[PDB]
Amino acid sequence: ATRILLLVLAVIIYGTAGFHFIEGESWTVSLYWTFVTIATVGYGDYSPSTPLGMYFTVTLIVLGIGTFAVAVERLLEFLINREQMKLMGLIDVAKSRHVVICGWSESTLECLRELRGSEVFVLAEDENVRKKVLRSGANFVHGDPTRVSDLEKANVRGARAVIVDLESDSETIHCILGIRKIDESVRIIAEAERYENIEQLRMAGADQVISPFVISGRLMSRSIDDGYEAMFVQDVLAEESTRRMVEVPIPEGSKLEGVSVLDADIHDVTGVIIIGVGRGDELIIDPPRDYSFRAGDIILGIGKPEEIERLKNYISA
Amino acid sequence: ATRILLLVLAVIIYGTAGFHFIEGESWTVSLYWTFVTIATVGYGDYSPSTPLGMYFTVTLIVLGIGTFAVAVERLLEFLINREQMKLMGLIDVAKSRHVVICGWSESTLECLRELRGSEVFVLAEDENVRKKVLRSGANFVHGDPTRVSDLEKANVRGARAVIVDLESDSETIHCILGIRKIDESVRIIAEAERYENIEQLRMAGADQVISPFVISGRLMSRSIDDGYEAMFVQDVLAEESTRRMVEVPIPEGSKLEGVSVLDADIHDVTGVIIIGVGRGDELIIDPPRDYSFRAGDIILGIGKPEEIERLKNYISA
Amino acid sequence: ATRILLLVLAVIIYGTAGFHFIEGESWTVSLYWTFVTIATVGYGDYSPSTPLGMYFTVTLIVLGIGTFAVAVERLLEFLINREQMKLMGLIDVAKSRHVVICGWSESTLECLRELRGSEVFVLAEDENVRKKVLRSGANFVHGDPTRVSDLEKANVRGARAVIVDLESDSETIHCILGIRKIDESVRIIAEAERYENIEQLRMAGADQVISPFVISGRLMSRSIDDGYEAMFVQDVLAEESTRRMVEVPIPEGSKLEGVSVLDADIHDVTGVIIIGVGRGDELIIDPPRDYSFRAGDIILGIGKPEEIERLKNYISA
Amino acid sequence: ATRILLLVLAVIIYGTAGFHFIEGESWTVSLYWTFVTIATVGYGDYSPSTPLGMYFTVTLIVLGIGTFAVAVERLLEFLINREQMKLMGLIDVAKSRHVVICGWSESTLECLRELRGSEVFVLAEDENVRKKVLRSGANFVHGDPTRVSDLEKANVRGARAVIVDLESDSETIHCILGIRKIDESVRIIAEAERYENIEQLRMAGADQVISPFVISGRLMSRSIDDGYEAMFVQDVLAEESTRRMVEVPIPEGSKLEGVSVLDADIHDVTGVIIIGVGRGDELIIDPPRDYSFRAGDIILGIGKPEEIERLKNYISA
Amino acid sequence: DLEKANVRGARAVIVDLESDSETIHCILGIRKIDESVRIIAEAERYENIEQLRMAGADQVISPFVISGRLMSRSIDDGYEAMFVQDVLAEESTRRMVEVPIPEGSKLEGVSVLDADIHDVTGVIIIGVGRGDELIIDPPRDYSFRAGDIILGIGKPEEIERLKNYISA
Ligand SMILES: [K+]
Ligand SMILES: [K+]
């Protein structure tokens, strides 16, 4: 274990005294000689001439080769064990601003194309998930996301945001309850499968609850006859073909801090339909004619990629 | 990561100045000394005699051993990671004239005995398929053949020909549609399982559609009473016991460029039954008595391995 | 296999005689020269000047490099084989006071938080059990716990205590019968699943038989109306919220060796309800008013963590 | 691939000429110098003094370190690839008197306790079979035993005897048919499961056909009332508690070559019941009173381990 | 659940399960229900024969150990497997037979040397069994009792002469 330093210093203190009290040179010269011989340098400036030292150099050399044959094998054992343990998970995350994506599905493969590669840590248990993650460019941390003793290996206490997407609703609720036990302040984003579980995911402690299956089942039964709201939803949120739903922040100053929506008149000026303003963690959809803008607000609107650029210029100062 | 070169050049520029401004030798001599000491050569032609340098050589040697203990471990980590990642797939193909065989079945094990070993790249997802491929002498590229983000890892854009054979017809149609999205010019060869899917495989964009199950089911229900066409099909296409179905090209000149089949009279001269001629990506089965041969044609015929040699001599010039 | 020492001594005895009977130096000088050259030290104090020796040093050096290229590869093959075999089990336990936990379940994950990490050896056959054990901090020994040829690899003959917990009752009974064939003295602790198998586990040779499912099924059907005994059982044995069931031993002397429970009066003095005394591998629950304490007894009682400390002071001498 | 020797000889022929046509020493001296420098020996007997050579030694040393960094990495890649491929099968057997045990069951674990460990080669396809074989002390050769292209990897053409025991009767018949296609002379020993397949296994080409299930089903239905033949079969063939069924060969001479069973009288002399004599690949059970012994015969008898020793002395000469 | 198949009061219970631990447990259960019924187990491994005997079984038939021993003896020589396969398994020409000695039938009070069974009938007297104890290789100082079961290896033509010769 720790005997590498022991054997090294033992061989060194052996060679030092062996040259000092045999060849009769100074302590400094003996230290220099053992440090230029133990490294197989061989300057030949202080070669031993006494036959006893002429045999003693042999045992010094074989001891040095023994130390170099034990330290190399120990380092290689350590490296192989680390590269075989870290490859199949079993490693502890040490980052401080990473994103933990519990579970793995298709809905979490479309959230790795808007983030970085080494910034996310998929926390799943299956096997093929490991290969899929390594293909997608993320990091894989083996463990059961429902076990609180495994959510600390991904360092969920110091995470930027957690994205929960598991195989059912029971596992999602349990993972949310487990995360809310470690850090009360982390931001959780869950995926509700059934409709009756959205209130459960909100009570358990999720900050945002997305439900793709409910939206899909509500658009399938309303697009049988005509199918118009499906076209808007698709061509705005899914593909972003000709439109885009954007949220533009308002900076300090901004040349419109304090003006009402009547006098601002964002639609007839920039061409972006104003859905609602994000006044501090609550959405006021279609703000009335008396709402006055402020600093730090977030305007939510639909517009072409040209009108969004024409809007981000009207709000800057 | 990149600190290997940093530490190496740091130790080198350290030893150079350390010998120059202590032993008082030239810059060239100091560079030579640090490059013959850092490699444990030890010429002993410029050994330090000053006690301060007599201790300084020790720290130079231990720094060199530290660099050789960090570079070796980094190279070994890299090599182990590469040999453990490349073994189980996860590698990108870099060839430019290879053959990609999506999926794996028995019908694609009989197409590896008429090709090379390192020229094919099986693109499958299962586990046992990897061992079967490594036994058959091919290369294994892990990935889902239906995902367009995985068909680019096998480099299907610069492939010679692609052979699609999957577990169903839905996966075959989807893989063909995925391949036709990357490169419009690559040659696809699909295997249709059901009869009703041959037109689907032809519409999706396959260049050649083979259907073994349809042929088998048509030969099984026609070989109950007598079973003669089954004998021809088997002993011509499957085993090649006494006959063989060959396609012989016509070169420039060829001593028969322009002659009609009446005057050529290939059967009564060579003994090979002329099924049809391959005039430019269309098969004219049993060409009429007025068809005139050209250059670049491909004659399709049945004959013994002796009559094929007697025919390949009649068409050469 | 063993040819490393052969080749090393062959090269050494080759170089010794080669320098002795060519350069004409003493046997000691030749041994010193081959031992400072084979290690690439190069003192240069006895460099060969004869052209024949000037070529002979070349073959000595290439032979030495060959030995260093065969010994390194053999050591690396051995180390890789050991680190790849030991990782997935297949190793023999050599300890002498370890705890063998046959099988793996949840009831054996709560017994690894009251023991050490390197002191236990989980003996299971499944795959995911290996990763769970390596996460829990224990050691994994691959093998089938029911096979007597596999119970000797965990060294059950020299174990401190064995904890049997398998997937059924048949496997538990068979593992107990297998353990009682190797060592008659080892202490077995089984987990009975069904009620009708407790007498079977006691007859087969188990020393202690725990049945969690029987207790759970007896507390579930008695806690429908009121549910009071469930509260006692839970808040005493499971959570230890405000109480704790402790067993305190009596040492030599102890200031109460020989007194009756009437005169001792442990409850009204310390505040710990005396359930029973452990007189030598038999439990006398509620000892009568005439039972006299002795040395080596074990008092079993319920009390707060303060009353337990007030009791462990009343019994010491 | 093969560029190791190329780079080595290139660096050597570079250093030789570089020292010869710069320092002006002989060709032999230059060869000696490059061979004592490329190995980091550093005798210092021919150190370069010209500044141009004083810089040239640097490039020689860095080229040597480059060769030692490419050869080490190539050797390590080769060794890791071999130890990772050979571990999971995929290797070709090269022995010439080994025993191939196709398939794996319990009936082939009791035939590894009467053979050696490194003499057998289990040829199976499953995964857990590999670990079971490596525990039992045998060698594992991955492959499908029914495929003729996989029976040649175990070298069934030069095997001592093959033992077929698979999961069904269809696989056993197919494996026997596959083995009889490679080598007509090898000795096959099959295990018939159903009764109706014994004649099939004998026709397919098996040399010996054992059927444990037929014997078990015939002893189960005859041991309901009394159960005596079951006792004989068990306590003679299975456990060998007090008896043993032995086959003793007759050597040249043997002091009874030519005598009839009447005059030999083996039972009343040695105490071993004579079941039958093995006259040349046919069993004559209960030879008549006129059968005359010969050389090379094999006597089959039941007797205690003392009577077998008393018989092996009566037949020797 | 064994109380549904009426394991109490039956001729014999033939225990043959998919594993060995289940066999041991089923035997232990049957011995809890009925303490006198006849059990005929079947051991898979060799180390589990003493276990099945101590659990309460009466006759343990282990075919896998038999086949595993015959698979290693027939690699080079291969003669005992022939006898086993031609006697116990297929019964091609010679089959193992057990015949009881009826009351007062030509044998009450006669030794073996003057019984001369092998020479007048043709069967091979392997062993005679009285009281659940098979006496293999009976000694010359042994008398026949009406109730012993004679075990023998003989052709179907000689078993008849044996059953007639030991008749009243
Ligand atoms: K060196
Ligand atoms: K030197």
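All chain C residue numbers match Swiss-Prot; in order, they span 20-336.
Method reported for this entry: electron microscopy, 3.6 Å.
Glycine is no exception: its Cβ is also placed from the backbone N, Cα and C atoms.
Range annotated as motif 'Selectivity filter' by Swiss-Prot, chosen from C:59-64, C:125-130, C:239-244, C:311-316: C:59-64. Annotated Ca(2+) binding in Swiss-Prot involves C:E210, C:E212 plus, out of the candidates C:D184, C:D226, C:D245, the residue C:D184.
From the options C:49-58, C:139-148, the stretch Swiss-Prot describes as intramembrane segment is C:49-58. Sequence-distant contacts of C:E210 (Ca(2+) binding site), defined by Cβ-Cβ distance under 8 angstroms and a gap of at least six in the same chain, are C:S124, C:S126, C:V183, C:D184, C:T191, C:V228, C:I229, C:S230, C:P231. The Cβ of C:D184 (Ca(2+) binding site) has 23 other Cβ atoms within 10 Å, all protein chains considered.
For C:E212 (Ca(2+) binding site), other Cβ atoms within 10 Å of its Cβ number 18. Secondary structure from DSSP puts C:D184 (Ca(2+) binding site) in coil. Counting same-chain residues at least six beyond the ends of the transmembrane segment (C:21-41), those with a Cβ under 8 angstroms from any Cβ of the stretch are 48-50, 52-54, 56-57, 65, 67, 69, 71-72, 75, 79, 82-83, 85-86, 89-90, 93. Beyond the ends of the topological domain 'Extracellular' (C:65-69), by six or more residues, the same chain brings 38, 41-42, 44, 48, 51-52, 75-76 to within a C-beta distance below 8 angstroms of the stretch. Helix, strand and coil counts from DSSP across the topological domain 'Cytoplasmic' (C:96-106) read 9 helix, 0 strand, 2 coil. Within 8 Å of the Cβ centroid of the Ca(2+) site, not counting the listed residues C:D184, C:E210, C:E212, the chain contributes C:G122, C:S124, C:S126, C:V183, C:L185, C:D188, C:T191, C:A209, C:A211, C:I229, C:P231. For the topological domain 'Extracellular' (C:42-48), the residues of the chain that approach it from at least six positions outside its boundaries are 35, 65, 67-69, 72, judged by C-beta separation under 8 angstroms.
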